[PDB]
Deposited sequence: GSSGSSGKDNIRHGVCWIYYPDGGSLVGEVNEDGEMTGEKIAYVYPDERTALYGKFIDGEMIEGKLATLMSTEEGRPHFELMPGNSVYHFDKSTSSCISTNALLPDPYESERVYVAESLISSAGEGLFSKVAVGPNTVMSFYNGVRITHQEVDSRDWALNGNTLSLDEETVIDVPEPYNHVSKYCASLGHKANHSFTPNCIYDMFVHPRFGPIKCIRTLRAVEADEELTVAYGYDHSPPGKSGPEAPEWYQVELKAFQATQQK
């Protein structure tokens, strides 16, 4: 009847006053990231972000949030990918991700770029998002292996991909989860995530404490490089 909070299992949430139909609709609705501080505040219809401006959750009083807008014109909208359109704005970074990870040359030899943490954080921390185009398992499983360097299964119906040329940071930096390299002693896992911009996707979540400038890795769980590293690790 007053402010309503809808939390996702991933830690993010929607907050605001609902309409007579109990819908998250209005000009003062917010999505709040899992840090419970970073927020997209503004215009939502039935929980869907129409115009979210970057904001900070300064305080909450009896469930009533106080938002303060961040400087600038950073605005976001629900912009779910299709099979061929990865994003309406490929070069607009995610502000939560931007504060937590960067891309640099991997420490794994001959592995290319990697994903690194900007910050020391604890276990179970969402660090990065894995958005991409949405194609079927049949399309993926029935094509050249070489097309599948960036494919990540989302669910039973959907596979996420970051195809050429979006695998280059110069062409796509809206999300960076596809830059995390593989390890058999990973410090992160892929996890489900409901994103106000990208919709249902996966994220990179730490398995434990990670330091600032530590490379973030995930076990790919299956490709040449991989079967070699496998032999290197069993020893």
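- Missing C-alpha coordinates mark the following deposited-sequence intervals, in order: 1 to 12, 235 to 246, 260 to 263.
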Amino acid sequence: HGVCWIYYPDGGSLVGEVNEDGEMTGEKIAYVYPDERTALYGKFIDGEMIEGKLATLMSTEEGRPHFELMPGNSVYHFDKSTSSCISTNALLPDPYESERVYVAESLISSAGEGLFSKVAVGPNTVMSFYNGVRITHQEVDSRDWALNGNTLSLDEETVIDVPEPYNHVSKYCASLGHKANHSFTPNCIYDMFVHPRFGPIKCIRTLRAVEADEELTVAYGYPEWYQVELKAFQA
From here on, numbers count along this sequence of modelled residues.
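Just so we're on the same page, rigid core means the largest C-alpha set that superposes within 1.5 Å between forms.
- Annotation: of the segments 125 to 133 and 138 to 146, 138 to 146 departs further from this form in 7 other deposited structures of this protein (C-alpha atoms, root mean square over structures and residues, core superposition).
- Of the two segments 186 to 194 and 55 to 63, the one whose CA positions lie farther from the displayed form in 7 other deposited structures of this protein, once all are superposed on the rigid core, is 55 to 63.
- Between the stretches 94 to 102 and 158 to 166, it is 158 to 166 that shows the larger average CA temperature factor.
- For the two regions 82 to 90 and 145 to 153, the entry's Cα B-factors average higher over 145 to 153.
- The PDB entry assigns the greatest CA B-factor among 126, 121, 115, 108 to 108.
- Looking at the C-alpha B-factors along this chain, the one for residue 187 belongs to the middle third.
- Looking at the C-alpha B-factors along this chain, the one for residue 45 belongs to the highest third.
- Sort the modelled residues of the chain by CA B factor and residue 17 lands in the highest third.
- Per-chain ranking of the deposited C-alpha B factor places residue 218 in the lowest third.
- The PDB entry assigns residue 35 a C-alpha temperature factor belonging to the lowest third of its chain's modelled residues.
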